[PDB]
Structure formats: C-alpha cells, structure tokens
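Here's the structure, in structure tokens; my notes come after.
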Amino acid sequence: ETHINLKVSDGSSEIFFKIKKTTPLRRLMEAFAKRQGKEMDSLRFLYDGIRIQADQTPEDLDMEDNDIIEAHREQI
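Add 20 to a position in the sequence shown, counting from 1, and you land on the number used in the UniProt record's numbering.
So, in structure tokens, the structure goes:
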C-alpha cells in the first residue's frame, strides 16, 4: 500500500518499527501479536476506548500514512 511506520501501543506492550505498508489493521494484526501476542493474553483491538483504530480502513491507508493502534487486554 504505502511505505510508512507502525506503532503498536498496549498496556505494557509498546513496539515501534517501520514497515513497507500502511495497512495497520493487517499490520498490528501481526506486529502487536508479535510483541504482546506472545502472551496472547490481550485480545482487545481498539484505538481509544470503542474498538476503534487509526487506519483500519483500506480506504484511509491509501490516503493517510501512519500505522498506529492500541491493543488492550480482554481475556477472562
């Protein structure tokens, strides 16, 4: 899609790296799951507090250029 940087934020899981693709939804999908996913104890995908994202839209990534989302915890 586009060459931009990605930044996954979470409780204690915070990783920042550059990627050759804006698509965050797909990015964080692994990225975040690459840092926190290790514990697979967090399955809360949101941006603020309404299961939202930054550029989770394939129509936004094509435009905007900034992959960043939050991965909260959700496993009782």
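All C-beta atoms in this analysis are idealised placements derived from N, C-alpha and C, irrespective of residue type, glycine included.
Kindly provide the ranges of any beta strand (DSSP E) runs that are 3 or more residues long and lie completely inside the segment 34-59, ordered along the chain. 35-39
Nearest residue (CA-CA) to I70, options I96, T22, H92: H92
Would you mind reading off the limits of the beta strand (DSSP E) that contains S29? 24-29
Chain-order list of residues whose beta-carbon lies under 7 Å from that of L63 (same chain, five-residue window excluded): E94, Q95
Tell me the DSSP bridge mates of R64? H92
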